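Just the one chain here, the form deposited in one PDB entry, laid out as structure tokens.
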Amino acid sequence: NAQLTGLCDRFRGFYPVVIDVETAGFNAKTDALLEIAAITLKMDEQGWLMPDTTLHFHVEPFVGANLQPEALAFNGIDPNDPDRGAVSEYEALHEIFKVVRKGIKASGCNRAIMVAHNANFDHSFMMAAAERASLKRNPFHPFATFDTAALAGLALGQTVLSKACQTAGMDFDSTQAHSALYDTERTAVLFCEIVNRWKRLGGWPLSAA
């Protein structure tokens, strides 16, 4: 199983989980968390990294949350759309955390690390919601992240998600952009490509020492 894949050896026992959130503004403490997608990763038989499990939830604004109109205009989210199928922060996070913990156990990792583009944004929103819903045994590292903007800057000399993906030879569709499922999925493929490219070029594994 995943115990025999080496995923747990690649990032010192950290289990990388790709996260994208859509929100009703820039403030994690006061603005509504509206949507979240999560994609766990796995290592294939040759040691290439690739997406494993995808999760996707539309989220009900927490009690008293702010909704900035320009954020809604940006992401195109109407909180009052009947077929959003919104669930509570607790419900969304509980299901994500459950799946992540299972992945961690089956992989022989010890903790999860959020992978996200300008990752402090998604981290701060995810942690605020976890606190709000008083979720227990949160498997994500409380402060460390794998920021794909920084990683893409190193590997591709690009920090903008669309451009980084394009530079890496991936498709990127402006029309699908800025939706949670799509952004998470491109970000996961981009992260996997940067790690895989490092291995291709002989940068990993390391030499004697």
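Heads up, when I say rigid core I mean the largest set of C-alphas that superpose within 1.5 Å between the two forms. Note that residue numbering follows the sequence shown and begins at 1.
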item	value
Between 152 to 160 and 54 to 62 (mean CA B-factor, as deposited), the higher	54 to 62
36 to 44 versus 176 to 184 - which carries the larger mean C-alpha B factor in the record	176 to 184
Residue with maximal Cα B-factor (values as given in the PDB entry) among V100, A119, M126, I77	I77
Ranked against its chain, the third holding the CA B-factor of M114	lowest
Ranked C-alpha temperature factor of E70 among modelled chain residues, by third	highest
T167 - which third its CA temperature factor falls in, relative to the rest of the chain	middle
CA B-factor ranking of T145, expressed as a third of its chain	lowest
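One more form of this protein should be noted, the form deposited in another entry, which is absent from this view; the next part is about it.
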| item | value |
| --- | --- |
| Mobile residue between the shown form and the other one, C-alpha criterion 2 Å or more, rigid core, from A130, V99, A86, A71 | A71 |
